[PDB]
Amino acid sequence: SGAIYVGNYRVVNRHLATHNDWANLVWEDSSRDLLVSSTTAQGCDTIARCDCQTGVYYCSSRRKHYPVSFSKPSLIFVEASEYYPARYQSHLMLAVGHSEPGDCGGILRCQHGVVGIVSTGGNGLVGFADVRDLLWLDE
Ligand SMILES: NC(=O)[C@H]1CCCN(C(=O)Nc2cccc3c2SCCC3)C1
Ligand SMILES: [Zn+2]
């Protein structure tokens, strides 16, 4: 679990969105596993606007942060799960690192701010949904 809180927005994994997220929906994209909802409070985070390929992410299944080298946002095949049919997920970045199903929502950050959130994983890999191209989150 986890979310990004920026301005009057809450960014979460679309497959983990609550009834309240859907009732206050701003934007969602099943191909990116992202959903953004509106909030009444201002929130704590800032978004990176950069091309970093190294950063640090929070891994809830180890209660620890780990440094990672990650690929550029791209279209990657993701096997069927209880949440989605087999499909290509877009704007996804892979890295070698530990992750388990409940780790989705963990934040990836570089020196410039929040880069994205944990969205996929398995066998010593961890996939992050990029948020750096969503320029409207800052206004
Ligand atoms: N973005 C998606 O389509 C996700 C939706 C939730 C289920 N999917 C996962 O990749 N879950 C997951 C996360 C982290 C680690 C492991 C897993 S499943 C296998 C064991 C490792 C696909
Ligand atoms: Zn950066």
# chains A, B, ... in the order shown; residues from 1 in each chain; ligands from 1
call {"tool": "residues_near_ligand", "arguments": {"ligand": "ligand 2", "cutoff": "12 Å", "atoms": "only C-alpha atoms and all ligand atoms", "output": "list in words"}}
result
residues 46, 47, 48, 49, 50, 51, 52, 53, 54, 55, 56, 70, 108, 109, 110, 111, 112, 113, 114, 115, 116, 130, 131 and 132 of chain A
call {"tool": "residues_around", "arguments": {"residues": "segment 35-40 of chain A", "least_positions_apart": "5", "cutoff": "6 Å", "atoms": "only C-alpha atoms", "output": "PyMOL selection string"}}
result
chain A and resi 8-12+14+21+24-28
call {"tool": "residues_near_ligand", "arguments": {"ligand": "ligand 1", "cutoff": "9 Å", "atoms": "only C-alpha atoms and all ligand atoms", "output": "ChimeraX atom specification"}}
result
/A:13-16,30-34,78-89,92,98-104,118-129
call {"tool": "closest_residue", "arguments": {"among": "A:45, A:93, A:18, A:134", "to": "residue 1 of chain A", "atoms": "only C-alpha atoms"}}
result
A:18
call {"tool": "atom_distance", "arguments": {"atom1": "atom CA of residue 77 of chain A", "atom2": "atom CA of residue 105 of chain A"}}
result
19.7 Å
call {"tool": "atom_distance", "arguments": {"atom1": "atom CA of residue 62 of chain A", "atom2": "atom CA of residue 44 of chain A"}}
result
23.6 Å
call {"tool": "select_by_dssp", "arguments": {"residues": "chain A", "states": "strand (DSSP E)", "output": "NGL selection string"}}
result
:A and (4-6 or 9-13 or 25-29 or 34-38 or 54-59 or 64-69 or 74-78 or 87-96 or 107-110 or 113-122 or 125-130)
call {"tool": "select_by_dssp", "arguments": {"residues": "chain A", "states": "alpha helix (DSSP H)", "output": "ChimeraX atom specification"}}
result
/A:19-23
call {"tool": "write_last_selection", "arguments": {"atoms": "N, CA, C and O atoms", "output": "mmCIF file, in the first residue's frame"}}
result
data_model
loop_
_atom_site.group_PDB
_atom_site.id
_atom_site.type_symbol
_atom_site.label_atom_id
_atom_site.label_comp_id
_atom_site.auth_asym_id
_atom_site.auth_seq_id
_atom_site.Cartn_x
_atom_site.Cartn_y
_atom_site.Cartn_z
ATOM 1 N N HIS A 19 -13.261 3.054 -2.632
ATOM 2 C CA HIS A 19 -14.540 3.637 -3.066
ATOM 3 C C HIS A 19 -14.434 5.189 -3.040
ATOM 4 O O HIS A 19 -14.921 5.853 -3.952
ATOM 5 N N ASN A 20 -13.715 5.741 -2.039
ATOM 6 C CA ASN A 20 -13.539 7.185 -1.916
ATOM 7 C C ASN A 20 -12.685 7.796 -3.044
ATOM 8 O O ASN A 20 -13.013 8.863 -3.561
ATOM 9 N N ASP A 21 -11.647 7.086 -3.490
ATOM 10 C CA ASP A 21 -10.837 7.514 -4.628
ATOM 11 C C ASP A 21 -11.708 7.604 -5.892
ATOM 12 O O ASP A 21 -11.632 8.596 -6.620
ATOM 13 N N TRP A 22 -12.517 6.564 -6.155
ATOM 14 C CA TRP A 22 -13.393 6.563 -7.321
ATOM 15 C C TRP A 22 -14.494 7.633 -7.221
ATOM 16 O O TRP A 22 -14.888 8.200 -8.245
ATOM 17 N N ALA A 23 -14.961 7.954 -5.999
ATOM 18 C CA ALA A 23 -15.990 9.004 -5.832
ATOM 19 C C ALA A 23 -15.422 10.435 -6.012
ATOM 20 O O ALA A 23 -16.174 11.403 -6.199
#
call {"tool": "atom_distance", "arguments": {"atom1": "atom CA of residue 64 of chain A", "atom2": "atom CA of residue 135 of chain A"}}
result
29.2 Å
call {"tool": "closest_residue", "arguments": {"among": "A:57, A:97, A:133, A:43", "to": "residue 73 of chain A", "atoms": "only C-alpha atoms"}}
result
A:133
call {"tool": "closest_residue", "arguments": {"among": "A:96, A:59, A:42, A:29", "to": "residue 6 of chain A", "atoms": "only C-alpha atoms"}}
result
A:42
